[PDB]
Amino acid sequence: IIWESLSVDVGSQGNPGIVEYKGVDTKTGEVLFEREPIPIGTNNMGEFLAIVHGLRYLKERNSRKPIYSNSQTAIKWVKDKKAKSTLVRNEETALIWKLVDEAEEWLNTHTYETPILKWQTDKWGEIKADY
């Protein structure tokens, strides 16, 4: 474990359903950011937004710490700069799809060296940002 890191995760009520996410200091569990709930989204959209918010957070603070995510899906989406969600686009899902499109747009207009690391839940237990 790279203890000098940011861990991020989604939490939801329903999937699809109400989605939020947070970022914590891996060593302490201190909460560094938390997103206001978004009324309908998916687990994987939330995981993606959490990583990209973490990138933005660390870049603004000139931090070189890595990010841990437990999401193989979201780590791939970030590497690709494309969130390949199945969630239908409708008036109910407009909000989350706007956030996702904006996060992709951030990735296409900024650089980062931040390592995005898979949290190994099977070895290490739940990620520290788990709800």
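Rigid core here is just the name for the largest C-alpha set that superposes within 1.5 Å across the two forms. Don't overthink the numbering: it's just position in the shown sequence, from 1.
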Relative to this form, superposed by the core, which stretch has the greater CA RMS in 4 other deposited structures of this protein: 111-119 or 7-15? 7-15
Mean Cα B-factor comparison, 100-108 or 25-33, giving the higher one as deposited: 25-33
In the PDB record, does 52-60 or 83-91 carry the higher mean Cα temperature factor? 83-91
Could you look up the Cα B-factor of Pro66 in the entry and say which third of the chain it sits in: lowest, middle or highest? lowest
Assert third(CA B-factor, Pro39) within chain per record equals highest
Pull the Cα B-factor of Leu117 out of the PDB entry and bin it into the chain's lowest, middle or highest third. lowest
Third of the chain's Cα B-factor distribution that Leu6 belongs to, per the entry: lowest
